[PDB]
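Engineer: Below you will find the structure I want to go over with you.
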Amino acid sequence: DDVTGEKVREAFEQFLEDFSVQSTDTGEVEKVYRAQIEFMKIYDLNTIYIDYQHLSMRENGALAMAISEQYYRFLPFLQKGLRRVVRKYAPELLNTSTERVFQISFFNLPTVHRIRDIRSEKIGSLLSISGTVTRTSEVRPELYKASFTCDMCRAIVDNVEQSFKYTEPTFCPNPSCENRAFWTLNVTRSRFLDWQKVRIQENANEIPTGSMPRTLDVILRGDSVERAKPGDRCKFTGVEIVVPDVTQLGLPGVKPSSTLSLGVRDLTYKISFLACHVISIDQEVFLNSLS
Amino acid sequence: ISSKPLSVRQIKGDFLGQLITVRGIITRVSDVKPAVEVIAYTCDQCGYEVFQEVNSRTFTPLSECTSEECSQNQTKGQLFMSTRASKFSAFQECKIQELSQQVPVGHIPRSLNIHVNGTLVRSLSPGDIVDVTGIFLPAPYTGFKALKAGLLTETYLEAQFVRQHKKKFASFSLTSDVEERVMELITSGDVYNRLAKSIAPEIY
Amino acid sequence: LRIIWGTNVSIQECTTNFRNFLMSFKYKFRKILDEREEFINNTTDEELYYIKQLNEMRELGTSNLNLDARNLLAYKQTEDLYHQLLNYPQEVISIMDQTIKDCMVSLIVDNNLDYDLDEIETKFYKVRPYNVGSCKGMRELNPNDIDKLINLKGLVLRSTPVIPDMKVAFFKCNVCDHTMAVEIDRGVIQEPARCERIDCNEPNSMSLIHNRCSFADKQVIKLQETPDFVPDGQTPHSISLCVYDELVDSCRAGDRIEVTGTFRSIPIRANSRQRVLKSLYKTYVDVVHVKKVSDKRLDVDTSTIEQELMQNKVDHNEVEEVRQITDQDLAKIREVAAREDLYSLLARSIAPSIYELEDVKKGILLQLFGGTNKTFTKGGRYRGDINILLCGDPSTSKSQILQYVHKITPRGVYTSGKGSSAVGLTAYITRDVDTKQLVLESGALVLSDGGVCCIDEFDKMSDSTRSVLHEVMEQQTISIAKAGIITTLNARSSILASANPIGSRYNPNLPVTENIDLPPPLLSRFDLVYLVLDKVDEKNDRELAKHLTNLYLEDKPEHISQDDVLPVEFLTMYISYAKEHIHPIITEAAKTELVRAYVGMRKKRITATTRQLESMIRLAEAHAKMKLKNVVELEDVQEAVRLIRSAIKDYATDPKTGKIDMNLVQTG
Amino acid sequence: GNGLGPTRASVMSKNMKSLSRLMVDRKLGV
Amino acid sequence: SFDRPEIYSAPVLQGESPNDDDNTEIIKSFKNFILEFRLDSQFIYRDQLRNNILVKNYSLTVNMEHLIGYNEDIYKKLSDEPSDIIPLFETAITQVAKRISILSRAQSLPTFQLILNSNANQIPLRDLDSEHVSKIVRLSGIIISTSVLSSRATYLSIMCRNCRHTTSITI
Amino acid sequence: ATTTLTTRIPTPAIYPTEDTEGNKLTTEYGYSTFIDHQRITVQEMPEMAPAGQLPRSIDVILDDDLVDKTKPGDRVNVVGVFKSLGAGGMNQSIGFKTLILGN
Ligand SMILES: Nc1ncnc2c1ncn2[C@@H]1O[C@H](COP(=O)(O)OP(=O)(O)O)[C@@H](O)[C@H]1O
Ligand code: BEF
Ligand SMILES: [Mg+2]
Ligand SMILES: [Zn+2]
Ligand SMILES: [Zn+2]
Ligand SMILES: [Zn+2]
């Protein structure tokens, strides 16, 4: 294992408990993260909103910089730390009632990147984008964790994690088997989340001289599905992501390729986005959202 | 035989491999692109350079070292293309058609591919009356398998010599050959009237 | 000793020569090679060019040095290095980069500067050559010219999005978590056959993590060449530039650039059967340096690029967006602005060979200067783009003026009547055959954003095509809601349209509006309408004939314009600088005069319009901006009103019926 | 020869390392 | 209607250094041992191979302990895994034989066979263990039964019966 | 199968690249024999075809001296064997390829 990952995970779960923002005159000081955890237990939701400003304030923002620069690498550590914190205080909401997935969303990033500002050096990092929603697809299931039926000693392995791509369980329900050639998936022991792809488009005011509009594909995973109608300006916060592309086969420039036998595979990709959450920009509900 | 130019219609299957002269009008010349002849690789481990000859429209790249010493050695070797080391030939395709006079009664003209290699590129332009001399080589068929019944082959003419039927103005050069005749014209005088009357003398 | 294989380059000798050139280069050498020794300066020529440049490189902190290859030709000791640089791009460029780093650190050390060497040795310096010989086009590049420096100039048609390019793979061992990082070398990644650890050995433990790899920018730019020479019957050719790293997102559609780089060739895979390559190689160009600015054309308008430059400075793209004006040049510009005949001088400087088109040239000058680009705090903006229509008898040199404007402006497209089409201007969806994907592409109006769009044979255009001009000529934007795209596009283009009256010649019997024969909503949008008239005047005809016949006195003669003119380089510099650093504001007296004049005009012949009021506003602002004044005065409005009245020949038209008094309108 | 030499940097670029492998004798040509 | 494309090769630059275990280096050492072994100031093996070529006997009789002096490491490799190194020394003999034959032609050869005569210790037949498997051993005893000569193929030309595709595998 | 009427035993067409002894072979164009081959499609004559119904067509394989004896749109009377070719899907991968060999 990695020592640095353990360090960042333990610090994460440490300040999920030790952090406490003041309430100024009215309310003294309260544990904002613990207050949000109590809110989570009360409403039985599935996603926790964490302000980036507080993380920047804490510990001279070194941990904030570390989590912003390498969000993808530390994400499983973040999930584990949050699970342990939930176990410490109010562990009732841990399970679905098999297991309930906890989503972590960061909001109020210091800066906003336009679609034309996407850069390769920001790949895998945390940032925010602002675009206009053009096409929205159906909310479809995706394999959070995948179960399969064995080939030799036909039997079903239960609740195995499914990565970004198809995975094969190395272990077997029968330990003597150690055969994985033919797996038959079963939906019962396979977890799922909500998947929806939204094609955002650059806003008019951000377009340079002469350039025709540029657009990006944004994937909304979790409760944020169907949160934006087509033709609305929304602010997306998430992690910069890459997805394989097979169309750029004749483009100029040497195509990266992997050799392994032969083991050939063209490493061509296109940039996309995975957004943690989306923010847009009777008389009772209307009357409520006023000062 | 090469003395007598032939129309595209008369270029039968009997003439393959020969050196023939096709007289026609150039229709559609593509632009010069590099056609690889001998792709060159480098094995960094064994410090060799391995060459793969190519004589087909399509080729398969190499990945494992072919160096004899590196072949006997069981140590893994990887090759890389070296475009600067590889051999290229300037390539062009011209697709000459038939002159209107050559088409028999009731038919339409039909075209014939021309392959241009080396320093002959850029010598043929659309709308040129030329007598291209070349080797009438065949090529493996790339059409439908249903139409292919046997070892069907598509043909072409590897260009060797190009004789423009009408000299371009931009290619003029004041050598003795043109100098003597130009002197003959001017010394006789009356160049304006002679050149005016010489345009369509049948018109009165 | 020790020349590299396949090359004529020796590392030690080339580094020695490059250091020698860096140490002892003076611009007087380039002046000698330019045969411009009569222009030798005592100050700049004496000073060491590249040593100073490396200095300001050190203080500023940039990492890229732009080298002029003709400077290498100037230095005798490095004449061979010039040819070595052309023939061997990558090796010699790497040599230059290493030498630049060496020279930087050596210069810090020798002077014992307090500046720390921590940053310097860690940084990576790049050399970007340019001015590498001629162009030669692309039809003339034989396959023997693969991997050589070439110089290309053309128009940027389309620019693809940013394409990530893998630099380091991140294969992860499933079993023992042996996460090895594999750098890419010569565009090849080698997979570990088994686990690279000795204790753990599992070939299937490898599963590449796409997301944790480190990528680099790559942008493909479609450039349509405009070579200085064109062979007979050769349609324009499109070549695919491939920029990298900081140059990404620098060149916008419609920019007329000159690019230098490495002429490459890459096999293209016949996707019918995988891992089978076609024997014909696709040709593209890697890009090392881009030169957008030129002294023969106006610089790009900073107002239209105000939004991106602040972020581009952080992006470290470091391209010459704007030309740097020397203090001596600024003083010269101010001195010229102090001249008494500034307006007439600048008028006759544009299109110098055109004789006796005085009002036309003045209006063209005012359009080139443009009006103030107002901005509203609430929202919206009023742009000072002046739209000019030319109408009159044939052979009045309208097309020549159109070509002059099309040459001078930074961005512009010259279209002609029936050639243009409504989807052709605005935008269209096209299938890029390289990616075999429907790719969005812009049209002539959007291409001409921030510049003057020249339209010839305006009358011949169908009114159907003309409809899209209605929104562009007023709102400076085009809102397209065709299939697949629903948005608004900014087209800050000032139209310069030339047309003929109906019957291809002016008819004094018909009224002015009948002779022009355009819908009133269109003609209302035009700020200036010129009735260029061809009338048989013996003095004028004699002068014009003398001018032309004198133009036919040498093979490539000089202008017969008796009056002196500003050379086009300084004229472009002056117009540009006045555009960036002057922003006139109307004064109250100008406001009163404008109101009075508007009421005077607004009292059949062409009718007055509120667009005419905004037209006087823009023209007075432009006239003030020419004079470098920061405010608008009464004389500016008077001149604008004079121009509007004279262009339509109002001094010779009967009020009730718009018949031009032919005897009265006569002018030399 | 002289006894003095220009100051040189310490870090060599990776491209320099790649170039240094392809080195052959100078008697080939000039 | 095209000829098969050739694949050339050529050494251009000095790559990574040839390791001692490299087969080419083994062959070079063997060739030098054949060409430079001196006994009584006589090139015993070179002259023996020359005579063997002359008498058309394509084989070489190399004394085993003569090899330990020239290269103890290669002798250890031979006595450790003979089934891998012995073809290499046969190849070296073949190359030297080709050179000698071509040189002496002034007034093709099959793969030569190596015959190893040794004087080292002889393992008793009962003393053979599991360790000696695939290791050169010296044995002594009495020959009781010699079988009939059985012909084995060393180079045979094959042809696909349907494809009419000639090929030549070497054993 | 086309060039002969009776079904011959199928011998795959392998181009000889090497000699029987492994020597390289250089193909000799200009000594090898090539035969002209052309396929034409004959459709029902419009004069005799029923009106308002789709036409029916047959494929004719011409060879050697019979090539290029017709122009598209001609009216022809082609006579030849109505041969059927191919396994016609009977061999595991909707009828048989049927064509009129040209006499
Ligand atoms: N006043 C003029 N000054 C300079 N050149 C002129 C003038 N009038 C006509 N010409 C010349 O006559 C020709 C007419 O110009 P052109 O733009 O083609 O005509 P049009 O106005 O019909 O488009 C050009 O070669 C131009 O140089
Ligand atoms: F005869 Be011109 F082009 F107006
Ligand atoms: Mg005109
Ligand atoms: Zn099992
Ligand atoms: Zn090798
Ligand atoms: Zn491992």
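Residues 177-779, 789-853, in that order, are what chain C shows, numbered as in Swiss-Prot.
Keep in mind that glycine also has a Cβ here, set from the backbone N, Cα and C atoms.
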Engineer: So which range, C:232-235, C:632-635, C:688-691, C:700-703, gets flagged motif 'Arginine finger' in Swiss-Prot?
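Structural biologist: Going through C:232-235, C:632-635, C:688-691, C:700-703 one by one, Swiss-Prot gives motif 'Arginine finger' for C:700-703.
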Engineer: Using a Cβ cut-off of under 8 Å, list the residues of the same chain at least 6 residues beyond the motif 'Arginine finger' (C:700-703) that approach it.
Structural biologist: 562-565, 645-646, 649-650, 671, 673, 794, 796-797, 800, 803-804
Engineer: Give the sequence-ordered list of residues that share a chain with C:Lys574 (ATP binding site), lie 6 or more positions from it, and have CB atoms under 8 Å from its CB.
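Structural biologist: Non-local contacts for C:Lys574 (ATP binding site): C:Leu566, C:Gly568, C:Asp632, C:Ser674, C:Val708.
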Engineer: Taking the Cβ of C:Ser575 (ATP binding site) as the centre, count every other Cβ atom within 10 Å, in any protein chain shown.
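Structural biologist: Neighbour count, Cβ to Cβ under the 10 Å cut-off: 17.
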Engineer: Consider only the binding-site residues C:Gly568, C:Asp569, C:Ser571, C:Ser575: which of them have a Cβ under 6 Å from an atom of ligand 3? Write none if no residue does.
Structural biologist: C:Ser575
Engineer: Under a three-state reduction of DSSP output, how is C:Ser575 (ATP binding site) classified: helix, strand, or coil?
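Structural biologist: Looking at the DSSP assignment, C:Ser575 (ATP binding site) belongs to a helix.
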Engineer: Looking at the binding-site residues C:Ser571, C:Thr572, C:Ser573, which one has the fewest other Cβ atoms within 10 Å of its own Cβ?
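Structural biologist: Per-residue Cβ counts within 10 Å for the binding-site residues C:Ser571, C:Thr572, C:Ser573 bottom out at C:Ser571.
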Engineer: If you draw a 10 Å sphere around the Cβ of C:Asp569 (ATP binding site), how many other Cβ atoms fall inside it, taking every protein chain shown into account?
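Structural biologist: Neighbour count, Cβ to Cβ under the 10 Å cut-off: 16.
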Engineer: C:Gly568, C:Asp569, C:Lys574, C:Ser575: which of these binding-site residues put a Cβ within less than 6 Å of any ligand 1 atom?
Structural biologist: C:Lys574, C:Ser575
Engineer: Can you name every residue in this chain, apart from C:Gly568, C:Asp569, C:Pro570, C:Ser571, C:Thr572, C:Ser573, C:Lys574, C:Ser575, with its Cβ inside 8 Å of the center of the Cβ atoms of the recorded ATP site?
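Structural biologist: Output for this site, in sequence order: C:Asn676, C:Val708, C:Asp710.
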Engineer: Go through the binding-site residues C:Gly568, C:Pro570, C:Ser573 and pull out the ones with a Cβ less than 6 angstroms from some atom of ligand 2.
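Structural biologist: Those binding-site residues that pass the cut-off, since their Cβ is under 6 Å from ligand 2, are C:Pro570.
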Engineer: In the structure shown, which of the binding-site residues C:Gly568, C:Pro570 has the fewest other Cβ atoms within 10 Å?
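Structural biologist: If we count Cβ atoms within 10 Å for the binding-site residues C:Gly568, C:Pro570, the smallest count is at C:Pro570.
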Engineer: Could you break down the residues of the motif 'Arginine finger' (C:700-703) into DSSP helix, strand and coil, giving a count for each?
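Structural biologist: Counting residues by DSSP class gives 2 helix, 0 strand, 2 coil.
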